[PDB]
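In the order they appear, the protein sequences are chains B and W.
Just so we're aligned, residue 25 is where the first sequence starts under the working numbering, counting upward by one.
Just so we're aligned, residue 25 is where the second sequence starts under the working numbering, counting upward by one.
To start, the structure under review is shown below, and the notes come after it.
Number of protein chains: 2
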Amino acid sequence: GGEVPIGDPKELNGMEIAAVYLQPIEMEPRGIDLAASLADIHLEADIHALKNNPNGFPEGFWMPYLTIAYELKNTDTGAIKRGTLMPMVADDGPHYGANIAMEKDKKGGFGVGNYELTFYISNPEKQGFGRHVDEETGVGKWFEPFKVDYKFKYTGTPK
Amino acid sequence: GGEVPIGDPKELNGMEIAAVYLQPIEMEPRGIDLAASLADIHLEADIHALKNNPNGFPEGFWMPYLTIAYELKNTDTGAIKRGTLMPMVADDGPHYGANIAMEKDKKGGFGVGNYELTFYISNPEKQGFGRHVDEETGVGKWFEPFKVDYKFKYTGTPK
Ligand SMILES: [Cu+2]
Ligand SMILES: [Cu+2]
């Protein structure tokens with residue numbers, strides 16, 4: 025393995041939205057995220073433009089400036105935690121991600137088991153990103169905030 | 025209208041950096057930039073990854089989360105103005121831009137003539153953008169702040 029897919033990707037609002045996890049990843053700038061040593065997985069959202077995206081993004085481009093909150097629930101134990109993914113880059117391109125404590129989680133209940141993952145996604149305007157709205161070069165309005173849901177079995181840190 | 029290219033594009037720091045100007049463009053959300061009614065041009069920086077970008081960006085992808093300031097100098101009159109370009113999207117894709125008063129600027133001296141344009145560019149870390157630095161998927165350091173220079177003749181608002 026190396027990279028473990030979470031559920032099936034969704035296509036909505038002119039974007040493909042997939043979720044994957046890796047082993048914990050050391051990040052810079054130092055302190056921008058939970059330390060790899062204190063985590064068990066690195067959760068990623070992969071979000072790219074589809075064909076005929078309605079907001080001016082060419083097919084395949086990364087969708088930047090999104091706000092992505094997450095909710096991770098172990099449905100066996102009831103354990104719930106929430107956070108936000110941050111924009112970042114790996115050698116294979118930009119994405120949104122976060123290091124997450126699972127077995128290391130202090131309240132516990134985030135071990136091996138069945139999970140529900142929710143991403144809550146809001147458009148780039150929230151982060152100061154503009155749209156041309158003239159007749160010749162303008163683009164359509166952005167989507168309203170929305171959620172996408174996945175189910176997956178967590179088997180431990182990929183190795 | 026139509027786009028007027030400014031000088032020659034430059035290749036540095038994993039990126040191609042080009043400049044163009046168009047007619048003023050109304051921007052949304054309203055108030056995010058100078059009103060089209062008060063400008064003479066809309067200045068764009070078009071910045072995309074080169075091959076083998078050292079920070080992991082695929083060739084041709086837009087370079088996001090950059091901090092970009094401009095300085096425009098009329099070399100005939102000596103007038104200098106400065107400002108920031110903001111991230112935004114048009115029908116052809118994401119870019120950095122700003123509506124700019126030229127003939128309309130009440131200070132005067134920003135009329136038709138010979139100009140030098142400088143972009144001052146700082147890396148995404150300054151805006152909270154992260155990088156993987158693990159052995160498997162990690163990428164190298166970002167560039168230090170830099171400038172790029174162009175010379176062009178401003179012929180008036182594009183027609
Ligand atoms: Cu990541
Ligand atoms: Cu623009």
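Beta carbons: idealized from backbone N, C-alpha and C, even for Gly.
{"query": "Note down, in chain order, each residue of its chain lying with its Cβ closer than 7 angstroms to the Cβ of residue 57 (chain W), except the 5 sequence neighbours on either side.", "result": "51, 110, 122 and 123"}
{"query": "Are the CB atoms of residue 133 (chain B) and residue 98 (chain B) nearer to each other than 8 angstroms?", "result": "yes"}
{"query": "Can you list, in chain order, the residues of its chain with a C-beta nearer than 6 angstroms to that of residue 104 (chain W)? Leave out the 5 residues immediately preceding and following it.", "result": "97"}
{"query": "Determine which residues of the segment 147-179 of chain W have a Cβ less than 7 angstroms from any Cβ of chain B, and write them out in chain order.", "result": "149, 152, 153, 154, 155, 156, 157, 158, 161, 162 and 163"}
{"query": "According to the neighbour-count rule (16 or more other Cβ atoms, all chains shown, within 10 Å of its Cβ), is residue 136 (chain B) buried or exposed?", "result": "exposed"}
{"query": "Give me the Cα-Cα distance between residue 64 (chain B) and residue 27 (chain B), rounded to the nearest whole angstrom.", "result": "13 angstroms"}
{"query": "What span of residues does the beta strand (DSSP E) with residue 145 (chain W) cover, start to end?", "result": "137-146"}
{"query": "Indicate whether residue 108 (chain B) and residue 151 (chain B) have their beta-carbon atoms separated by less than 8 angstroms.", "result": "no"}
{"query": "Using only the alpha-carbon positions, how far apart do residue 131 (chain W) and residue 161 (chain W) sit?", "result": "51 angstroms"}
{"query": "Give the DSSP-derived three-state secondary structure of residue 183 (chain W) in the structure shown.", "result": "coil"}
{"query": "Compile a chain-ordered list of the residues in the segment 80-101 of chain B whose CB is closer than 8 angstroms to at least one CB of chain W.", "result": "80, 81, 82, 85, 86, 88 and 89"}
{"query": "With DSSP run on the structure shown, which of helix, strand or coil describes residue 122 (chain B)?", "result": "strand"}
{"query": "Output needed in chain order: residues of the segment 103-116 of chain W with a Cβ under 9 angstroms from some Cβ in chain B.", "result": "110, 111, 112, 113, 114, 115 and 116"}
{"query": "Considering only residues of the same chain and omitting the five flanking positions on each side of residue 180 (chain W), which have a CB-CB separation below 6 angstroms?", "result": "136"}
{"query": "Under 8 angstroms by Cβ, that's how I've got residue 113 (chain W) and residue 138 (chain B) pegged, so tell me the actual separation to the nearest angstrom.", "result": "That pair is no contact at about 39 angstroms."}
{"query": "State the Cα-Cα distance for the pair residue 158 (chain W) and residue 45 (chain B), rounded to the nearest angstrom.", "result": "15 angstroms"}
{"query": "Can you list the residues of chain B that residue 127 (chain W) reaches, using a CB-CB cut of under 9 angstroms?", "result": "By Cβ distance, chain B contributes nothing, its closest Cβ being about 20 angstroms from residue 127 (chain W), past 9 angstroms."}
{"query": "Please report how far the alpha carbon of residue 74 (chain W) lies from the alpha carbon of residue 95 (chain B), in whole angstroms.", "result": "36 angstroms"}
{"query": "Going along chain B, which residues have a C-beta under 8 angstroms from residue 51 (chain W)?", "result": "154, 155, 156 and 157"}
{"query": "Using only the heavy atoms of ligand 1, determine whether one of them is closer than 7 angstroms to the beta carbon of residue 84 (chain B).", "result": "no"}
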